[PDB]
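Reckoned from all heavy atoms, side chains included, excluding hydrogens, waters and symmetry mates. Start at 1 with the first residue, then count along the sequence.
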Amino acid sequence: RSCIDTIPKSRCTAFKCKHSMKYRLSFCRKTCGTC
């Protein structure tokens, strides 16, 4: 499927990308560099 964050970009913080599986792999896949 398309590579897209499900929540607003401001929610996808570097901190959440580093420390939250939910954010990195569900909510912020584009911003966190998962896809």
Side-chain angles (χ1 to χ4, degrees):
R1 69 195 278 178
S2 286
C3 176
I4 193 170
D5 298 334
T6 68
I7 65 183
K9 186 172 171 174
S10 67
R11 303 302 144 69
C12 296
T13 62
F15 182 94
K16 287 292 190 186
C17 293
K18 187 173 175 184
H19 299 300
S20 170
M21 177 168 278
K22 190 183 287 182
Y23 281 74
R24 180 167 53 83
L25 299 185
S26 185
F27 299 163
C28 302
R29 292 176 69 83
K30 185 167 184 180
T31 292
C32 298
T34 301
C35 50

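In this structure, the side chain of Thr34 engages the main chain of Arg24 through a donor-acceptor pair within 3.5 Å.
Distance CG/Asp5 to CZ/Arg29: 10.5 Å, rounded to 0.5 Å. Note: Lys9 NZ to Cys28 SG = 10.5 Å, rounded to the nearest 0.5 Å.
A distance below 2.5 Å between sulfur gamma atoms is met by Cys17 and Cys32.
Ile7 is listed as a side-chain neighbour of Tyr23, based on a closest heavy-atom distance under 4.5 Å.
The two residues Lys16 and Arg11 come nearest to each other via the heavy atoms CG-O, 4.2 Å.
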